[PDB]
Amino acid sequence: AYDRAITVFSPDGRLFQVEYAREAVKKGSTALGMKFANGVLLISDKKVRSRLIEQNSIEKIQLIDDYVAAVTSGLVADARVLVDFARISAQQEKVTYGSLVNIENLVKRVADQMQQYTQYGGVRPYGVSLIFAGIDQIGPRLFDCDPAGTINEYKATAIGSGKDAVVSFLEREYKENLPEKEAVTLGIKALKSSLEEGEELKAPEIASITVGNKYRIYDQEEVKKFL
Amino acid sequence: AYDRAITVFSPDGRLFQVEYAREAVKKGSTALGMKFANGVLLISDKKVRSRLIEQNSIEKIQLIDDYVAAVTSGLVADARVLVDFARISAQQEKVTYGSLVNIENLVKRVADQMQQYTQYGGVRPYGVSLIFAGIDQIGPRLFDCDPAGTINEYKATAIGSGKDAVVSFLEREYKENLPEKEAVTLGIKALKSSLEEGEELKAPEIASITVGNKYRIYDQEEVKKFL
Amino acid sequence: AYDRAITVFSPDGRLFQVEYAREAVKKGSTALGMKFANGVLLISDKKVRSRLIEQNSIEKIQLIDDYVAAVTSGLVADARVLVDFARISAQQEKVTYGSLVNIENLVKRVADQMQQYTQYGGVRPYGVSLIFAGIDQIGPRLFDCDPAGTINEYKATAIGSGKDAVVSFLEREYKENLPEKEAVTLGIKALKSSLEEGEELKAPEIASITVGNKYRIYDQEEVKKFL
Amino acid sequence: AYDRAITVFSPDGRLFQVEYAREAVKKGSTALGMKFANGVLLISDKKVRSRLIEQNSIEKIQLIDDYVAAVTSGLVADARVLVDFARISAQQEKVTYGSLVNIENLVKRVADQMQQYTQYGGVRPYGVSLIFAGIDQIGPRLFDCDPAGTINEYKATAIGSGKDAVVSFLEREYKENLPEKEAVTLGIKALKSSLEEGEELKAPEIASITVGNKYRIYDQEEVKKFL
Amino acid sequence: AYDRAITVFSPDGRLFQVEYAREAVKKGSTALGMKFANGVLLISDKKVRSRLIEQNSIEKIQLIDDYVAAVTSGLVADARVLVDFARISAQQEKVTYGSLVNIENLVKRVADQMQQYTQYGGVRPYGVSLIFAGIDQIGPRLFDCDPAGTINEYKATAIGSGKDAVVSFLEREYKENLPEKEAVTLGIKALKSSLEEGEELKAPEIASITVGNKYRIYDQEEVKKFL
Amino acid sequence: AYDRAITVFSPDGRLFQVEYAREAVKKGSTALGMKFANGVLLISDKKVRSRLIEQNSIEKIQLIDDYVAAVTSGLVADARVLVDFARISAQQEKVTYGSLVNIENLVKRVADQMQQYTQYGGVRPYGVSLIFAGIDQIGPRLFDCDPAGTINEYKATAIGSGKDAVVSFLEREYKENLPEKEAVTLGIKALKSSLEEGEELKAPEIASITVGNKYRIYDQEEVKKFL
Amino acid sequence: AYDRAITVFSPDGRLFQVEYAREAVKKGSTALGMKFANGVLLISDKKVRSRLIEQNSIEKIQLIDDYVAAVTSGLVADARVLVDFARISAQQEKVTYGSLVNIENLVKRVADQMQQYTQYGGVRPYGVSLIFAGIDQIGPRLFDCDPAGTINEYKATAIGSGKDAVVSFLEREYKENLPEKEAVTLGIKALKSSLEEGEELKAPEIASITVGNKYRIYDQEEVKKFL
Amino acid sequence: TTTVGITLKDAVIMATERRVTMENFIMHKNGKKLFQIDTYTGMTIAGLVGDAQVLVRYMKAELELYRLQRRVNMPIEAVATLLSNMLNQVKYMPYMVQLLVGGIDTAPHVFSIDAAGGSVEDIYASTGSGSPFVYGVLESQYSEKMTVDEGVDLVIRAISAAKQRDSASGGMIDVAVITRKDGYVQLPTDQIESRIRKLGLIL
Amino acid sequence: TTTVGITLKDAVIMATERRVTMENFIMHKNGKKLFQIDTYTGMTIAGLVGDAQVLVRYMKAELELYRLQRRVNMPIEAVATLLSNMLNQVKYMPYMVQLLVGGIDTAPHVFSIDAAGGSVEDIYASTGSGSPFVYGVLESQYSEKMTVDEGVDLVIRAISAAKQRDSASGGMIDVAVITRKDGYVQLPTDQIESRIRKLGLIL
């Protein structure tokens with residue numbers, strides 16, 4: 001009775017429409033982020049559903065600017081809109097103040113846009129989760145953000161179908177302030193732990209950034225080196 | 001009880017009204033695109049329906065500008081409105097920057113227009129799929145766009161009733177870098193594989209473009225040679 | 001339960017409210033158009049029916065401008081509004097460019113207005129089909145347009161209750177390039193075949209136009225010569 | 001159930017809410033119009049309800065201007081609002097052009113306002129039919145107009161509960177070009193035939209206009225001669 | 001099915017919500033008006049209840065201006081708002097033209113405001129009836145006005161719970177052109193006839209106006225002389 | 001069926017949502033006002049919960065200005081909004097005319113705001129009753145106002161859970177023109193009569209005002225003398 | 001039947017949607033506040049998750065300005081929006097008058113924003129409670145605010161799942177004018193007593209302020225001293 | 001600035017110089033003032049460079065859209081009417097330009113459009129500060145019987161004469177010829193230089 | 001103010017000086033007037049400082065966003081066209097600036113953009129009150145066959161000549177070199193000083 005309209009609380013105080021948007025997220029490809037010594041990285045699995053696709057296009061990891069990037073899971077078209085919103089919102093801040101001092105504030109603006117779409121009749125929530133990772137004046141940052149506009153800051157985290165396994169793995173295996181290669185190797189292990197019945201991990205997307213540098217996206221051969 | 005309003009997620013995180021719009025797309029004539037050596041082509045099945053109809057005036061293939069064309073499937077009035085949108089939107093980009101550098105941005109604008117019609121009460125999704133194909137500064141491009149505003153870039157792709165047979169055929173048989181005439185022949189074969197019930201393929205519509213050139217529309221005598 | 005609202009797709013991707021509006025169109029009086037040598041004509045069945053009625057006004061054939069005419073079938077007040085819209089839209093183009101180069105574009109603006117009424121909550125579709133006929137830069141033209149906003153260009157066609165009979169008759173008997181008088185005769189014959197057995201056709205409305213001239217309405221006596 | 005909302009078509013292509021509005025019109029007091037030699041008249045029966053009612057007031061016959069009058073049947077407050085609309089709309093034409101050349105365009109503006117209230121959610125139709133009668137640059141004019149915004153031009157016509165009895169009487173007894181006194185006589189007789197079993201006409205309202213003149217409203221002892 | 005929204009006609013052409021609004025009016029206290037020789041008067045019953053109430057305010061009879069007064073029955077807050085509207089509307093007309101020539105137009109402005117609340121969704125009708133009485137350039141006037149915006153002009157009339165008793169009494173007892181004293185006496189007698197039997201009349205409100213003067217409200221003392 | 005929406009009349013002409021809003025008021029704490037010789041007073045009870053509550057921020061009697069105070073009962077947040085409305089509305093009158101001549105007009109503006117919330121869809125009524133008390137040019141005033149926007153002027157009155165008891169007591173015990181000390185004494189007795197078994201009543205709020213003076217709020221120690 | 005829309009009163013005068021919003025609040029982590037000698041403090045139970053969460057990043061205690069802090073419980077995204085609102089609303093008041101004289105007015109503006117969201121359809125209530133604590137020109141202040149926009153001022157209070165235990169504990173243990181250190185100790189003591197089954201309080205957040213100073217946030221190290 | 005458009009039997013010829021000044025200051029010697037705006041349609045600009053350039057972008061966009069929509073080229077008279085409507089709409093906040101529109105539909109056309117949207121067809125026309133010198137040469141030497149080779153020489157002569165007497169004109173002469181057979185064709189600079197050399201001219 | 005942009009075979013060099021005046025009043029000796037706005041794109045500013053600084057912030061933000069969206073840098077002509085449209089849009093309430101946009105796409109480019117959005121590409125260009133002095137030097141000494149090293153020397157010479165004769169120009173010379181190989185490089189000021197010494201220049 002209580003799960004048809006976003007503006008309706010259940011008697012236990014739940015918003016089931018927001019909870020159902022979360023279910024769209026759980027169906028997306030696994031992605032993870034982790035902090036390492038002076039840096040942050042993102043890795044993304046890619047559901048591949050045809051060799052006819054240009055796979056190096058409509059990518060899961062998206063640059064927001066040179067120092068900040070996002071990865072998403074859930075409805076793709078919704079994810080695109082949120083990444084466009086984050087980009088325009090990053091530039092507005094830059095124009096206003098000359099720079100983006102704290103990435104948390106960008107993340108909150110995206111999360112507030114999402115929150116809005118859980119409070120007004122005649123709109124549905126975005127069926128999307130995001131990890132943001134980058135460097136600001138505080139240092140390397142890793143956030144996530146869900147369909148409700150709930151945000152958390154992490155040392156390591158994941159989204160998508162393999163979330164639970166990847167987080168499990170990382171919770172046992174994760175160490176702070178690893179060097180880059182070792183952080184990347186840990187991340188691939190974690191990703192691989194979520195695969196099931198001898199399922200092979202094709203070359204994921206990987207991007208990293210360290211303090212004083214801009215983002216780099218690992219090309220095809222650098223990633224296979226870890227496979 | 002979850003499939004009646006576009007703004008209502010099902011418990012499994014699905015938007016059934018969007019899914020139902022993509023059923024309308026499956027009823028359109030088949031159209032395909034494929035990238036070939038320094039080029040891209042489009043082919044469209046013409047479901048002929050009476051000698052009382054003007055043949056020359058029905059076009060499934062539509063020029064967006066001299067370097068960009070589209071073919072559509074699904075609700076025809078909807079499709080026509082999307083093509084109008086894509087044409088105005090291309091010209092706006094060309095006025096602003098002097099040229100259209102990357103076709104993916106045009107397709108994304110169209111896809112954003114569609115996505116918006118899946119998020120707000122009081123509106124229905126466009127019951128349309130599009131294939132966009134052309135040359136930009138990156139090279140030959142081929143994209144599809146569905147009722148959710150989901151986009152993918154392809155080497156080869158299809159839409160309409162015979163989508164699955166055509167995609168299947170092309171997964172088996174397509175290769176990159178074919179000369180124009182072999183790519184057309186392969187596309188006609190892919191198209192014929194979808195007909196079934198010993199059905200005769202009537203003269204389809206064909207268009208191609210190669211780097212450094214403008215679109216050409218095959219006249220009907222030229223299409224016959226492949227029949 | 002998918003047929004109560006225009007913004008609701010059925011599980012097969014249908015818009016039942018739009019199909020129900022078509023049903024209204026099938027109830028009107030039969031009208032037809034045909035292209036002949038250097039021209040196009042329209043004939044309309046006049047279901048007059050009461051001697052207390054003025055047999056002079058609220059005609060089925062309406063001039064849009066001096067070179068373009070339409071005939072409608074379905075909801076009468078809706079039809080009048082669409083004709084008013086068409087006339088104003090023809091003048092807008094003529095003021096903007098000095099002339100109306102291609103009649104298809106006028107028909108598309110009328111059809112886009114219809115299409116818009118099948119996409120937004122809080123409005124019903126127009127319960128109307130139109131045939132447009134005239135001469136533009138391309139030559140004699142003949143279009144139809146339905147409640148969905150779907151258009152087709154024709155050599156001959158019909159609307160109203162006798163559509164199916166009339167079209168059957170024409171698919172068998174129609175010939176391109178008839179002189180005017182034989183086209184009219186064929187059209188009258190075509191229209192007689194649609195009547196329920198043993199029911200006499202009273203004087204229809206007839207209008208025609210030839211390249212280089214303006215429309216003429218056939219007066220009450222000139223029609224009789226064909227009866 | 002397809003009969004609860006004005007924007008809902010039935011499977012047969014009907015707008016039941018509009019059909020129900022025309023039931024309200026069947027409950028009003030009978031009125032009629034008829035053209036005679038160089039003129040037109042209107043007659044209205046009034047449901048008088050008590051000697052405490054001031055009878056010189058809230059007339060059934062309302063002048064729209066010096067050359068045009070209307071009489072209404074159905075929802076009385078709705079009808080008053082439409083008569084106000086007609087009056088202001090008549091004045092707008094007269095200001096714009098200096099005169100009202102063709103009464104049909106005034107009626108169409110009224111009917112267009114009514115057609116609007118059958119197409120948009122959140123409104124109901126006007127529960128009203130009108131007869132308009134007057135002299136324009138064409139000659140004497142007689143139109144009616146129903147809740148759907150449907151209009152017809154007539155030689156004689158009627159609205160209200162006695163419509164069916166009045167119209168059948170006129171069908172067999174009406175003749176064109178009667179002198180004024182004979183038109184009125186026939187009109188009175190037509191009205192008397194609609195009354196039930198030994199009922200009596202309680203002096204109707206009468207108004208007439210002839211070419212080159214303004215409207216005249218018959219006074220009590222003038223109408224008295226005809227009873 | 002048909003009685004839940006004002007925008008919904010029943011199959012017989014009725015607006016049940018408007019008829020239910022009329023039921024609120026019937027629960028109000030009886031008031032009457034009547035024309036006498038060169039004037040008009042109002043009498044209002046009040047079941048005043050508790051001695052803790054200040055009897056000398058929130059009057060049933062409300063001056064609209066010095067020459068026009070109203071009395072209402074039904075929802076009290078609605079009535080107040082309609083009276084505020086009538087006062088402001090009267091003054092708007094006076095400012096525009098310098099005077100109020102015909103009270104009927106003020107009444108129509110109030111009744112049009114009520115009519116509109118029976119035609120647009122999102123709103124309920126006013127649950128109010130009013131009588132207006134006053135003097136204008138035509139003479140003494142008396143009107144009633146109901147929740148539908150239906151108006152009538154009267155020699156005598158009543159509203160409220162005892163309407164019918166009062167009216168049947170006046171049907172037989174009322175005479176035109178009585179002097180003021182005899183009109184009040186008849187009015188007082190008409191009101192007593194509507195009482196429950198054994199039940200007595202505890203000093204009504206009474207107001208009157210004659211040509212050439214402004215309204216007088218009868219003081220508490222002068223009313224008693226009539227009881 | 002008829003009690004779910006504010007815009008729906010029941011068949012007996014009732015507005016059930018407005019009646020249910022009056023139930024919210026019955027749950028609030030008891031307050032009363034009464035006129036005395038040259039003055040008016042208000043007394044509010046209230047259940048204090050914890051000893052951890054701050055008294056003094058205790059908020060029952062609210063000054064509207066120096067000459068006018070209110071007490072409310074029902075939903076507390078609704079009541080705060082209406083009290084802010086009243087304060088700002090009193091200042092607007094004071095700025096416009098330089099003073100507030102008649103407190104009744106202030107109460108009407110507030111009551112009009114509450115009436116509107118019983119007439120438009122999309123909004124619920126305020127679930128609040130108010131008593132207003134003060135001095136204007138007429139003299140000491142006492143009014144109440146309920147969720148429907150219905151107002152009465154009183155010599156004595158009460159609102160909240162113990163209303164009926166308090167009104168009954170004052171019905172038997174109230175006398176006009178008491179000195180202030182006797183009025184407060186009677187008020188306290190009336191309030192005590194409304195308590196159950198054994199309660200005795202902790203210190204309530206008391207406020208009074210006399211002609212020529214501004215409001216005084218009796219402080220904790222003054223009130224004690226009456227307990 | 002009566003618990004599905006915020007604009008619907010139940011027959012007992014309840015707003016069940018608002019009551020259901022409270023239920024979300026109850027699921028949140030316990031927080032408390034208390035006034036001490038010349039001061040006020042807040043304590044918040046954090047509540048865990050993995051070692052992978054950046055600790056000290058999405059604080060439960062939020063500075064509104066240098067003199068005012070808030071803590072929240074319930075929906076976290078809603079809570080963030082209300083804190084952003086409170087921060088902007090404080091700065092607006094500071095710009096207008098130069099300072100924030102009385103914190104109660106800030107709490108009222110926040111509570112009025114929440115109240116609006118219980119009165120207008122198409123909107124859901126904020127599923128949030130807040131405690132505000134700070135110092136103004138009146139002294140140390142402590143308020144709570146619930147989903148209804150109901151506010152109370154306190155000496156001590158709590159919100160979240162452990163509220164009743166914490167409040168019960170404070171209701172016997174709480175002393176008026178304690179020194180900061182002892183106030184903090186009592187607070188932790190009270191907080192511990194709400195944990196069930198020998199559960200271990202990991203480091204909570206603490207903040208305090210005393211007259212003439214700005215807020216201090218205790219370091220993780222400084223809190224331990226109390227654990 | 002100097003621009004010119006002439007019609008012949010089945011041809012339009014359009015030419016400009018390239019000088020861009022701010023008062024006496026020659027900022028750019030090689031600005032562009034002649035543009036193809038449709039398959040068989042060219043346009044010259046004069047007046048405020050920013051206004052003119054925006055109008056060139058609009059016309060290229062709109063003439064392309066129209067042709068896609070109509071499946072035929074906008075008639076030259078329709079181009080002139082479109083422009084005339086747009087400029088007149090904003091006449092109290094105007095595009096401060098003089099425009100030549102030339103091309104071939106069923107016949108050759110040259111239209112001259114002013115800043116208030118006044119539009120007039122003529123057999124030839126010239127705009128800019130150099131135009132009076134140009135009208136001198138055309139009045140004396142224009143013939144409707146000229147061949148395309150002759151008209152090309154004629155506009156090179158007109159503009160060369162203008163560049164000698166108008167200090168706001170200068171730089172290389174641009175020339176396009178428009179026909180049904182070849183469409184809009186820009187003449188190569190080497191061919192214009194060769195004709196300037198053959199005709200006995202300078203600058 | 002003095003700014004200059006020149007193109008060479010595979011390079012753009014852009015330079016300015018730094019003086020900021022209010023009438024005769026030298027308020028700042030080291031303002032900045034040369035900006036990197038994209039990977040291979042630089043911009044110089046002249047005119048009203050507030051208007052120009054807002055444009056610099058916009059261009060930085062928009063070109064970074066465009067690059068992210070398109071996966072390629074905005075072509076230099078597209079930058080000039082963007083500015084052209086933005087400035088012409090507010091023609092009647094203008095940005096009171098003169099801009100140079102220089103960069104490398106498939107070729108080197110310099111565009112000069114005025115306050116009404118008039119935009120013209122050139123082999124070289126100068127802006128500000130000192131520009132006529134710079135055009136003197138460039139007219140006399142510029143060669144397309146120059147090396148980057150000689151191009152750097154030329155612009156220093158040209159701006160130094162302008163500083164000698166234009167009292168609204170002064171301060172240190174900032175120079176940037178843009179190539180496909182090294183991207184946008186602002187030359188170290190010690191390298192500029194050394195070139196100044198060697199060329200025999202002052203201030």
# chains A, B, ... in the order shown; residues from 1 in each chain; ligands from 1
>>> calpha_fit_rmsd(fixed="chain C", moving="chain B")
0.4 Å
>>> residues_around(residues="residue 110 of chain H", least_positions_apart="6", cutoff="6 Å", atoms="only C-alpha atoms", output="mmCIF file with N, CA and C atoms, in the first residue's frame")
data_model
loop_
_atom_site.group_PDB
_atom_site.id
_atom_site.type_symbol
_atom_site.label_atom_id
_atom_site.label_comp_id
_atom_site.auth_asym_id
_atom_site.auth_seq_id
_atom_site.Cartn_x
_atom_site.Cartn_y
_atom_site.Cartn_z
ATOM 1 N N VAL H 101 22.704 39.718 -50.873
ATOM 2 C CA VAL H 101 22.405 38.315 -51.030
ATOM 3 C C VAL H 101 22.286 38.018 -52.540
ATOM 4 N N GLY H 102 23.087 37.098 -53.059
ATOM 5 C CA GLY H 102 22.982 36.746 -54.498
ATOM 6 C C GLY H 102 22.916 35.241 -54.729
ATOM 7 N N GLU H 121 15.573 44.005 -54.826
ATOM 8 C CA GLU H 121 16.269 43.312 -55.909
ATOM 9 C C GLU H 121 16.796 44.309 -56.926
ATOM 10 N N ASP H 122 17.975 44.058 -57.451
ATOM 11 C CA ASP H 122 18.499 44.932 -58.484
ATOM 12 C C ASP H 122 19.338 44.098 -59.449
#
>>> residues_around(residues="residue 189 of chain H", least_positions_apart="5", cutoff="12 Å", atoms="only C-alpha atoms", output="list in words")
residues 171, 172, 173, 174, 175, 176, 194, 195 and 196 of chain H
>>> residues_around(residues="segment 133-148 of chain D", least_positions_apart="5", cutoff="9 Å", atoms="only C-alpha atoms", output="JSON, numbers by chain")
{"C": [76, 77], "D": [18, 19, 21, 22, 25, 33, 34, 35, 36, 38, 39, 40, 41, 42, 66, 67, 68, 69, 70, 71, 100, 101, 102, 103, 104, 107, 108, 110, 111, 114, 115, 116, 117, 118, 125, 126, 127, 128, 153, 154, 155, 156, 157, 158, 159, 208, 209, 210, 211, 212, 213, 214, 215]}
>>> closest_residue(among="C:221, C:112, C:199, C:23", to="residue 47 of chain C", atoms="only C-alpha atoms")
C:199
>>> interface_residues(of="chain E", to="chain F", cutoff="6 Å", atoms="only C-alpha atoms", output="PDB file with C-alpha atoms, in the first residue's frame")
ATOM      1  CA  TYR E  20     -24.825  19.089  -2.394  1.00  0.00           C
ATOM      2  CA  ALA E  21     -23.574  22.656  -1.897  1.00  0.00           C
ATOM      3  CA  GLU E  23     -27.934  21.386   0.948  1.00  0.00           C
ATOM      4  CA  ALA E  24     -25.595  23.510   3.155  1.00  0.00           C
ATOM      5  CA  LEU E  52     -22.180  34.441  26.430  1.00  0.00           C
ATOM      6  CA  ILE E  53     -22.446  35.628  22.796  1.00  0.00           C
ATOM      7  CA  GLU E  54     -22.345  39.299  21.841  1.00  0.00           C
ATOM      8  CA  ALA E  77     -17.062  31.862   6.234  1.00  0.00           C
ATOM      9  CA  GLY E 122      -9.212  21.883  -7.652  1.00  0.00           C
ATOM     10  CA  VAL E 123     -11.975  23.934  -6.033  1.00  0.00           C
ATOM     11  CA  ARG E 124     -15.330  23.535  -4.324  1.00  0.00           C
TER      12      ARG E 124
END
>>> select_by_dssp(residues="chain B", states="helix (DSSP H, G or I)", output="VMD selection string")
chain B and resid 16 to 25 76 to 97 103 to 116 163 to 173 180 to 195 220 to 224
